[PDB]
Amino acid sequence: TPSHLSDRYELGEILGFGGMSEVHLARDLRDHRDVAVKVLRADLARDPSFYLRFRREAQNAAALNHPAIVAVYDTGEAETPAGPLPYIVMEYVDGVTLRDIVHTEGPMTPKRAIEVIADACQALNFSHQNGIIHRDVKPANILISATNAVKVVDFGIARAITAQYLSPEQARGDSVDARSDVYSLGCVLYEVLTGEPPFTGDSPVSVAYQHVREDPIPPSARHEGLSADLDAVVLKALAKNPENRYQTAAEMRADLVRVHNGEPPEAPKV
Amino acid sequence: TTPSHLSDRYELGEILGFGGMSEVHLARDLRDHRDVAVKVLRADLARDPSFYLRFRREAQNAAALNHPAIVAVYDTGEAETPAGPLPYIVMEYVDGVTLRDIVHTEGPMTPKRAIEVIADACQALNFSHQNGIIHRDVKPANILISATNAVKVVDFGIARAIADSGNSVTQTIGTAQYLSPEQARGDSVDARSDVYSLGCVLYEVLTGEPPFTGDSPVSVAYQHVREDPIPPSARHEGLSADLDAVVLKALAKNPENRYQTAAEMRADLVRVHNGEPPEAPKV
């Protein structure tokens with residue numbers, strides 16, 4: 001990868017690695033600001049199967065406009081003498097992932113967890129009202145900024161009509177919809193609350209199997225300082241049948257809000 | 001695209017097989033003047049910390065077992081070139097093929113051969129268990145047959161911590177064909193699991209298919225949990241009711257009903273091999 005893309009974006013340190021792409025902190029020398037640039041790993045920039053796969057993801061990136069969603073600024077294709085190198089330029093978030101927080105700091109307090117997840121529900125809801133399912137909600141895809149704001153990254157591109165955060169339907173290979181993001185957000189909620197996701201296993205298959213077939217253990221049975229109410233919410237978000245989950249991320253956030261307040265939630269009492 | 005050399009001692013050659021994070025190379029040991037197998041982190045995953053860490057742990061904690069039917073571990077290290085550090089493990093080399101390639105190119109074995117092979121796998125797993133090591137991933141791709149027909153087992157899981165429960169602590173889209181029920185549920189895995197998995201392999205070398213197949217790993221995992229396996233002799237000819245009894249005991253849903261040890265399973269495979277009645281329920 002070159003030091004500069006398009007004589008505009010000056011690549012700096014790696015923020016994170018993804019499937020085929022890596023995200024860099026960079027200076028937009030033209031707009032004079034720091035940005036995040038997602039590029040295709042240089043080695044992979046010759047396999048056409050990858051160049052094409054990435055360019056569609058870039059061309060068709062979810063460009064949503066919401067405080068809790070990392071914006072998309074620009075998309076491009078640079079010119080290293082070796083070859084054309086495709087990239088997406090995005091909002092930069094000076095912060096750390098939920099995955100890092102949970103790992104270095106452990107489970108959050110119920111109050112903090114609720115604030116974080118309800119804020120994620122807003123990003124998800126705004127995304128949903130705009131026709132877009134994230135499909136990969138998970139702690140590594142939720143960012144917390146230095147000033148403590150939630151920023152969600154890595155929305156999947158629109159479609160036609162590991163495994164710790166899959167919904168039963170993705171696991172079965174059935175069709176997914178907004179409710180599917182709901183289930184996954186609940187997995188994250190479960191983890192920030194208890195230090196662990198609902199299901200663990202020796203292999204993605206095992207975990208997938210559990211999502212589809214095993215009853216989750218109520219969070220309070222795995223960590224202290226969790227109320228029965230809060231249990232009911234998490235458990236509803238984790239319902240096996242989409243028909244029985246929260247129907248929208250809004251519904252989910254409203255029940256989270258009630259628990260923050262200390263009011264009984266609309267969720268069932270197990 | 002890895003380097004040509006490691007630690008100025010091992011020069012790498014053809015790839016023998018690829019795994020999760022890692023590729024296995026046939027290499028020449030320039031100090032000891034011999035061919036070894038070298039399992040290294042894939043070069044493209046090397047900048048990535050979560051893969052480097054995951055592998056460093058695997059390399060340092062590799063299971064060194066000393067047994068004819070187990071591929072030895074010679075050295076464990078970290079090479080530092082401008083792509084590394086690249087933890088790696090140096091192992092006994094087996095000039096041979098996987099039990100998986102065999103079944104795929106040659107078809108099912110004869111009971112006489114199947115039994116001999118699985119019986120040797122049993123001696124490997126028994127030895128390992130008696131050394132506190134559970135394999136956890138027994139499957140055709142992890143059993144090699146040497147050019148002289150010796151059985152050699154690879155890819156033992158690293159030792160893990162056991163909880164207050166007396167259960168094993170869990171570690172870490174796939175095969176799902178050799179999964180035990182306890183693995184599927186994410187329960188405690190132990191010697192009985194290896195026994196069950198080896199059962200699946202035995203079933204596969206005898207009949208040409210593992211006990212359960214399906215169009216999703218999830219759905220196969222389910223069959224392991226809930227569904228009865230059809231006796232081998234109903235799927236392939238030339239197999240006796242006694243052989244069925246042994247395979248089906250190994251494949252039992254409740255670990256308390258399987259062979260409790262690999263040596264026990266080996267004992268019933270030897271009896272069948274000899275024309276004796278097995279200790280296992282008629283069916």
# chains A, B, ... in the order shown; residues from 1 in each chain; ligands from 1

$ residues_around --residues "residue 116 (chain A)" --least-positions-apart "2" --cutoff "9 Å" --atoms "only C-alpha atoms" --output "number ranges by chain"
A: 111-114, 118-121, 144, 149-150, 189

$ residues_around --residues "residue 1 (chain A)" --least-positions-apart "3" --cutoff "12 Å" --atoms "only C-alpha atoms" --output "mmCIF file with N, CA and C atoms, in the first residue's frame"
data_model
loop_
_atom_site.group_PDB
_atom_site.id
_atom_site.type_symbol
_atom_site.label_atom_id
_atom_site.label_comp_id
_atom_site.auth_asym_id
_atom_site.auth_seq_id
_atom_site.Cartn_x
_atom_site.Cartn_y
_atom_site.Cartn_z
ATOM 1 N N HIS A 4 0.329 7.525 0.176
ATOM 2 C CA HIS A 4 -0.752 8.449 -0.154
ATOM 3 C C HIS A 4 -1.699 7.800 -1.145
ATOM 4 N N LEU A 5 -2.983 8.103 -1.032
ATOM 5 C CA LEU A 5 -3.916 7.715 -2.066
ATOM 6 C C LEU A 5 -4.439 8.967 -2.768
ATOM 7 N N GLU A 10 -3.354 10.662 3.124
ATOM 8 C CA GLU A 10 -2.058 10.194 3.591
ATOM 9 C C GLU A 10 -2.225 9.143 4.704
ATOM 10 N N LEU A 11 -2.050 7.876 4.332
ATOM 11 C CA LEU A 11 -2.263 6.736 5.218
ATOM 12 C C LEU A 11 -1.349 6.758 6.435
ATOM 13 N N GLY A 12 -1.931 6.493 7.608
ATOM 14 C CA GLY A 12 -1.201 6.373 8.874
ATOM 15 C C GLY A 12 -1.441 5.015 9.531
ATOM 16 N N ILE A 14 -2.809 1.569 11.477
ATOM 17 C CA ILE A 14 -3.970 0.706 11.272
ATOM 18 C C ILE A 14 -4.938 0.807 12.444
ATOM 19 N N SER A 21 -10.082 -6.386 4.015
ATOM 20 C CA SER A 21 -9.700 -4.988 4.038
ATOM 21 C C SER A 21 -9.127 -4.600 5.392
ATOM 22 N N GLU A 22 -8.329 -3.540 5.386
ATOM 23 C CA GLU A 22 -7.804 -2.995 6.613
ATOM 24 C C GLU A 22 -8.113 -1.504 6.668
ATOM 25 N N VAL A 23 -8.466 -1.016 7.852
ATOM 26 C CA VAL A 23 -8.807 0.379 8.017
ATOM 27 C C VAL A 23 -7.672 1.209 8.620
ATOM 28 N N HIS A 24 -7.316 2.310 7.957
ATOM 29 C CA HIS A 24 -6.235 3.182 8.418
ATOM 30 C C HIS A 24 -6.748 4.517 8.913
ATOM 31 N N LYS A 38 -10.690 2.715 4.491
ATOM 32 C CA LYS A 38 -10.747 1.267 4.409
ATOM 33 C C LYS A 38 -10.199 0.877 3.054
ATOM 34 N N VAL A 39 -9.179 0.028 3.044
ATOM 35 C CA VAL A 39 -8.590 -0.430 1.805
ATOM 36 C C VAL A 39 -8.569 -1.936 1.708
ATOM 37 N N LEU A 40 -8.356 -2.409 0.494
ATOM 38 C CA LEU A 40 -8.216 -3.815 0.256
ATOM 39 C C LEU A 40 -6.765 -4.147 0.542
ATOM 40 N N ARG A 41 -6.524 -5.189 1.339
ATOM 41 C CA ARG A 41 -5.152 -5.633 1.604
ATOM 42 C C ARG A 41 -4.332 -5.699 0.304
ATOM 43 N N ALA A 42 -3.152 -5.086 0.306
ATOM 44 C CA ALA A 42 -2.349 -4.964 -0.926
ATOM 45 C C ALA A 42 -2.114 -6.281 -1.669
ATOM 46 N N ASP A 43 -1.939 -7.365 -0.924
ATOM 47 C CA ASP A 43 -1.687 -8.657 -1.545
ATOM 48 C C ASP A 43 -2.928 -9.104 -2.302
ATOM 49 N N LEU A 44 -4.096 -8.803 -1.734
ATOM 50 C CA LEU A 44 -5.364 -9.240 -2.312
ATOM 51 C C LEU A 44 -5.794 -8.367 -3.495
ATOM 52 N N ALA A 45 -5.044 -7.300 -3.739
ATOM 53 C CA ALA A 45 -5.420 -6.323 -4.749
ATOM 54 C C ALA A 45 -5.104 -6.788 -6.157
ATOM 55 N N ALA A 78 -7.079 4.178 -6.027
ATOM 56 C CA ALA A 78 -5.803 4.872 -6.153
ATOM 57 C C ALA A 78 -5.014 4.266 -7.294
ATOM 58 N N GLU A 79 -3.806 4.762 -7.522
ATOM 59 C CA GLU A 79 -2.991 4.232 -8.608
ATOM 60 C C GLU A 79 -1.567 3.957 -8.156
ATOM 61 N N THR A 80 -1.367 2.843 -7.458
ATOM 62 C CA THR A 80 -0.016 2.347 -7.224
ATOM 63 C C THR A 80 0.461 1.763 -8.549
ATOM 64 N N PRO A 81 1.761 1.902 -8.841
ATOM 65 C CA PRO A 81 2.327 1.416 -10.105
ATOM 66 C C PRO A 81 2.096 -0.082 -10.241
ATOM 67 N N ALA A 82 1.933 -0.750 -9.098
ATOM 68 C CA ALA A 82 1.624 -2.180 -9.058
ATOM 69 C C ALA A 82 0.209 -2.434 -9.573
ATOM 70 N N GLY A 83 -0.724 -1.578 -9.170
ATOM 71 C CA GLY A 83 -2.095 -1.675 -9.648
ATOM 72 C C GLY A 83 -3.029 -0.679 -8.991
ATOM 73 N N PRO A 84 -4.288 -0.654 -9.461
ATOM 74 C CA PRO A 84 -5.396 0.108 -8.903
ATOM 75 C C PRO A 84 -5.800 -0.451 -7.544
ATOM 76 N N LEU A 85 -5.891 0.433 -6.550
ATOM 77 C CA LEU A 85 -6.188 0.047 -5.181
ATOM 78 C C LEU A 85 -7.441 0.767 -4.675
ATOM 79 N N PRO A 86 -8.536 0.024 -4.483
ATOM 80 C CA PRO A 86 -9.814 0.623 -4.121
ATOM 81 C C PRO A 86 -9.924 0.920 -2.624
ATOM 82 N N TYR A 87 -10.748 1.899 -2.272
ATOM 83 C CA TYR A 87 -10.802 2.368 -0.899
ATOM 84 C C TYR A 87 -12.093 3.117 -0.587
#

$ residues_around --residues "region 88-105 of chain A" --least-positions-apart "3" --cutoff "7 Å" --atoms "only C-alpha atoms" --output "PDB file with C-alpha atoms, in the first residue's frame"
ATOM      1  CA  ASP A  34      -8.366  13.189   9.941  1.00  0.00           C
ATOM      2  CA  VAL A  35     -10.402  10.417   8.309  1.00  0.00           C
ATOM      3  CA  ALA A  36     -10.590   6.619   8.312  1.00  0.00           C
ATOM      4  CA  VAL A  37      -9.778   4.871   5.069  1.00  0.00           C
ATOM      5  CA  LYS A  38     -10.747   1.267   4.409  1.00  0.00           C
ATOM      6  CA  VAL A  39      -8.590  -0.430   1.805  1.00  0.00           C
ATOM      7  CA  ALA A  58     -17.467   0.433  -1.914  1.00  0.00           C
ATOM      8  CA  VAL A  70     -19.997   6.357  11.177  1.00  0.00           C
ATOM      9  CA  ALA A  71     -20.488   8.452   8.015  1.00  0.00           C
ATOM     10  CA  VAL A  72     -19.236   7.636   4.550  1.00  0.00           C
ATOM     11  CA  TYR A  73     -17.388  10.500   2.885  1.00  0.00           C
ATOM     12  CA  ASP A  74     -15.940   9.372  -0.436  1.00  0.00           C
ATOM     13  CA  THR A  75     -14.944   6.245  -2.353  1.00  0.00           C
ATOM     14  CA  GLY A  76     -12.003   5.805  -4.661  1.00  0.00           C
ATOM     15  CA  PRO A 139     -18.757  -5.699  19.839  1.00  0.00           C
ATOM     16  CA  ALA A 140     -15.952  -5.183  17.348  1.00  0.00           C
ATOM     17  CA  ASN A 141     -18.317  -3.177  15.152  1.00  0.00           C
ATOM     18  CA  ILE A 142     -19.481  -0.791  17.838  1.00  0.00           C
ATOM     19  CA  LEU A 143     -17.108   2.069  18.720  1.00  0.00           C
ATOM     20  CA  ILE A 144     -16.969   4.174  21.864  1.00  0.00           C
ATOM     21  CA  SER A 145     -15.383   7.593  21.300  1.00  0.00           C
ATOM     22  CA  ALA A 146     -13.172   9.550  23.708  1.00  0.00           C
ATOM     23  CA  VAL A 192     -21.467  -6.186  28.187  1.00  0.00           C
ATOM     24  CA  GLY A 195     -18.623 -10.490  30.374  1.00  0.00           C
TER      25      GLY A 195
END

$ closest_residue --among "B:2, B:146, B:274, B:183" --to "chain A" --atoms "only C-alpha atoms"
B:183

$ interface_residues --of "chain B" --to "chain A" --cutoff "7 Å" --atoms "only C-alpha atoms" --output "list in words"
residues 48, 170, 171, 172, 173, 174, 176, 183, 184, 185, 186, 217, 218 and 221 of chain B
